[PDB]
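Just so you know, residue 1 is the first one in the sequence shown, and it goes up from there. Note that ligands are numbered from 1 as they come in the structure, with each ligand's atoms numbered from 1 the same way.
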Amino acid sequence: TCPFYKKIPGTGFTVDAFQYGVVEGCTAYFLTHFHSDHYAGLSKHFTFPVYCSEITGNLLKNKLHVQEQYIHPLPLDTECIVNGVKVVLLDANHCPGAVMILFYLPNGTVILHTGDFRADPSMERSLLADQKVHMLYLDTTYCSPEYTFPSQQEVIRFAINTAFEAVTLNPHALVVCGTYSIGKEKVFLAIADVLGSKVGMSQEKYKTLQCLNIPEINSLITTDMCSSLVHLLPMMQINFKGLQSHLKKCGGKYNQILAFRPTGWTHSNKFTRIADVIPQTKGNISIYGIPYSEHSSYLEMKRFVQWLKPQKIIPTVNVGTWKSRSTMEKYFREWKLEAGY
Ligand code: NI
């Protein structure tokens, strides 16, 4: 049955709640983004109204076959009315199409649900700056001080420089990038752009990417693997066996693989700077794990909350153990005492 932290009090709404069958009293289902742990349950047989971004709505129609009459895409940064309640969608700085949702309840309460987000100071100048928020439903994925990671910009610099060096030393090396969901597209697109190649991929992944409004996508991606020296493969195939196999399939076009696994976090971060990262190597295959995150670090999360000063925080992640919950609640109290709210 539906957990309380997916339910918006004083409305008929739910958020990211499609795996519970018909939720009692739900008149509209919102979807923050197209990741399977959040859309799980949607299909062509869903007949309740779904509210979401334009990009998310493209993906629902084309990938899951949800019928068009039930998809209600909303523009960003725009006050809209849903079943008599004012809502706004804000950019979540997560994956393409991912939003945060502001709800303005009829009794004066204002609620922000972050969905999945990577907090950024740019958010301190959206429609959030303009009123008080009473309740924050917060993506607490990395809510512990050990989770530090570099900016996305520093991680993409490292990846472009590494790949450009490798292919310039050996014009017969192939670059491979792992993927399993939308998100982290900058990794493979920035590498392709520095090498003057398109990114080659399966027809299914190409279709997914064409749903995203990314300018000049026909320009950067392709299904013709032969013509490309940057290949996208499932994340599961990013190991020595999977990559030796792929290299066999390229018919002696290539004699080395440099592969990237963009992970969220790995405990290498506590002891290492980005500059100091090294691959795992076997034979003519090297694998780099790079800390490209689409969730807030601990310090990013803390800053956002100390700026917003909500009255009540409801975590949405790590809520299944008493130790995790207690840890998070202790950090929330620290933040509030330090900031004076
Ligand atoms: Ni997500």
Side-chain angles (χ1 to χ4, degrees), residues 2-3 5-8 13-20 29-42 50-60 62-64 66 73-74 76 89-102 112-120 122-123 136-144 147 149 151-152 155 177-189 205 208-209 211-214 232 234-236 238 261-266 289-298 300-301 304-305 313-320 324 328:
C2 191
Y5 67 79
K6 296 182 179 272
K7 286 178 187 191
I8 304 304
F13 303 153
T14 60
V15 178
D16 303 342
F18 300 89
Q19 71 175 280
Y20 303 100
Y29 296 73
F30 282 81
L31 179 62
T32 64
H33 68 293
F34 196 77
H35 284 165
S36 61
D37 273 5
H38 300 258
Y39 65 72
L42 277 159
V50 177
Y51 288 88
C52 60
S53 73
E54 175 176 0
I55 288 166
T56 297
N58 294 337
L59 286 161
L60 290 182
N62 290 290
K63 302 289 299 193
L64 299 186
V66 170
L74 312 173
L76 297 195
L89 299 196
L90 304 165
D91 208 289
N93 188 40
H94 185 54
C95 64
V99 299
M100 313 191 291
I101 311 158
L102 253 194
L112 178 62
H113 195 300
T114 62
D116 284 345
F117 88 139
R118 181 164 187 178
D120 191 73
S122 69
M123 297 169 173
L136 175 64
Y137 287 63
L138 179 61
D139 170 14
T140 47
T141 297
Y142 297 125
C143 189
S144 199
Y147 301 106
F149 31 63
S151 70
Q152 293 176 166
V155 173
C177 298
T179 185
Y180 43 33
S181 51
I182 69 174
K184 308 179 182 195
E185 286 83 8
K186 191 69 168 176
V187 178
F188 49 89
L189 299 172
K205 185 69 178 188
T208 297
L209 294 181
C211 297
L212 307 183
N213 299 347
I214 275 176
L232 303 189
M235 196 72 90
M236 289 192 69
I238 313 311
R261 291 186 351 85
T263 61
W265 165 80
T266 58
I290 60 175
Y292 193 94
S293 183
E294 292 186 336
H295 298 272
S296 308
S297 74
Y298 172 89
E300 297 164 345
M301 189 187 302
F304 179 78
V305 180
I313 302 169
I314 301 160
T316 61
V317 188
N318 304 308
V319 297
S324 290
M328 292 184 294

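Coordination check, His94 versus the Ni ion (ligand 1): passed, since an N/O/S atom of the residue sits under 2.8 Å. Among the atoms of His38, none of the N, O or S atoms falls under 2.8 Å from the Ni ion (ligand 1).
Using the six-membered ring where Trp is involved, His113 and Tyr137 have ring planes that are parallel, under 30° apart on the 30 and 60° scheme. The aromatic rings of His33 and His38 sit tilted relative to each other, their planes meeting at an angle between 30° and 60°.
If you look at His35 and ask which of its N, O or S atoms sits nearest the Ni ion (ligand 1), the answer is ND1. Atom OD2 is the N, O or S atom of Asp116 at the shortest distance from the Ni ion (ligand 1).
Using modelled atom types and a 3.5 Å distance limit, the side chains of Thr179 and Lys184 yield no donor-acceptor pair. With 3.5 Å as the limit, one finds no donor-acceptor pair spanning the side chains of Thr140 and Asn318.
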